[PDB]
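Here is the structure we will look at.
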Amino acid sequence: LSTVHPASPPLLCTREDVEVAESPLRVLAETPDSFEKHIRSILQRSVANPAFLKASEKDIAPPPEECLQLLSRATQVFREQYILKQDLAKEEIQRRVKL
Amino acid sequence: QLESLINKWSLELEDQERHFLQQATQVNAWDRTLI
Amino acid sequence: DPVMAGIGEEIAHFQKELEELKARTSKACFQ
């Protein structure tokens, strides 16, 4: 990444709407990135799985138990840091497109 | 072997992350048009 | 071996969750 991104403010969409004459969206025209940056905030990872070097054609085969814990560590990080945030981004785009 | 499933599932989730960003770019264009 | 079986069933479950995620994203016709 070309930039060290700090973490964004907490979720600009815990708003209840109020009608008098004007659209609540006028404030979101002032910055061209506004909604895409809110989705890019919801997608912001705080743990990831490292890229693993392949095992060699001279390595010892590990115990199955190490391989189960390495798998569960990896699938937990995918469930908590990717899948959950992508369904939250989907509900946000569903709410925005409806409005 | 397991390494080559985990490294693959990372890239196949970062691909869906890139799809959700482009969907947000497309909504932003209709958002302004309706303002 | 049962550890070598549970590893197979989580690999089958998690890739099913990833394909049912892709099948929940590709059906999101936002227009």
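Read-outs: derived from the displayed coordinates by stated rules, not from any lab. When we count neighbours, we look across all protein chains shown, and the Cβ atoms used for this are built from the backbone with ideal geometry, even at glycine.
With θ taken as phi - 60° and the Karplus curve 6.51 cos²θ - 1.76 cosθ + 1.60 applied, the whole-hertz 3J(HN,Hα) list for the range C:7-24 is 4, x, 6, 5, 4, 6, 5, 5, 5, 4, 4, 5, 6, 6, 5, 4, 6, 8 Hz, x standing for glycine and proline.
How high is the relative contact order of chain A, in percent, counting Cα pairs under 8 Å that sit 6 or more residues apart?
Relative contact order for chain A comes out at 33 percent.
Which net charge results when you count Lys and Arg as +1 and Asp and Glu as -1 among the other residues whose beta-carbon is under 14 Å from that of residue A:45? Don't skip to the answer; put the middle values down first.
Working: positive: A:40, A:79, A:85, B:18; negative: A:80, B:14, B:17.
Result for the local shell: +1.
Placing unit charges on each Cβ (+1 for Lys and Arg, -1 for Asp and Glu) gives chain A a dipole about its Cα centre, and among A:71, A:47, A:10 the Cα reaching farthest toward its positive end belongs to A:71. Straight-line cross-link reach from residue A:37 at under 25 Å between alpha-carbon atoms covers these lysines, not counting any fewer than eight positions away in the same chain: A:85, A:90, A:98, C:22, C:27.
Applied to the range A:76-82, the Karplus parametrisation 6.51 cos²θ - 1.76 cosθ + 1.60 on θ = phi - 60° returns per-residue 3J(HN,Hα) values of 4, 4, 5, 4, 7, 10, 10 Hz, with x for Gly and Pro. The trypsin sites (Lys or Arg not before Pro) found in chain C that occupy coil by DSSP, while having at most 12 further C-beta atoms within 10 Å, are C:27.
Stretching residue A:7 away from residue A:45 to a fully extended chain increases their span by 12.7 nm, per 0.36 nm per residue minus the current alpha-carbon distance. Counts of other chain beta carbons within 10 angstrom of each beta carbon in peptide C:15-22 average 4.
Under the √(5λ) rule applied to the eigenvalues of the Cα gyration tensor, what semi-axes describe the equivalent ellipsoid of the range A:1-68? Give them in Å, descending. Before the final figure, lay out each step's value.
Numbers: eigenvalues 449, 46, 14 Å².
Gyration-tensor ellipsoid for the range A:1-68: 47, 15, 8 Å.
Mind checking the range A:51-99 for GluC sites (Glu not before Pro) that DSSP puts in a loop (not H, G, I, E or B) and that have at most 10 other Cβ atoms within 10 Å?
On the way: sites: A:57, A:65, A:66, A:80, A:91, A:92; in loops: A:57.
Sites meeting the loop and neighbour criteria: A:57.
Computed from backbone phi with θ = phi - 60° and the Karplus coefficients 6.51, -1.76 and 1.60, the 3J(HN,Hα) list for the range B:24-32 is 5, 4, 5, 5, 3, 6, 6, 3, 4 Hz; x is used for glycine and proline. Relative intensity of the protein assembly as shown on a log10 scale, I(q)/I(0) at q = 0.17, 0.20 Å⁻¹, equals -1.07, -1.33, per a Debye sum over C-alpha point scatterers of equal strength in the absence of solvent.
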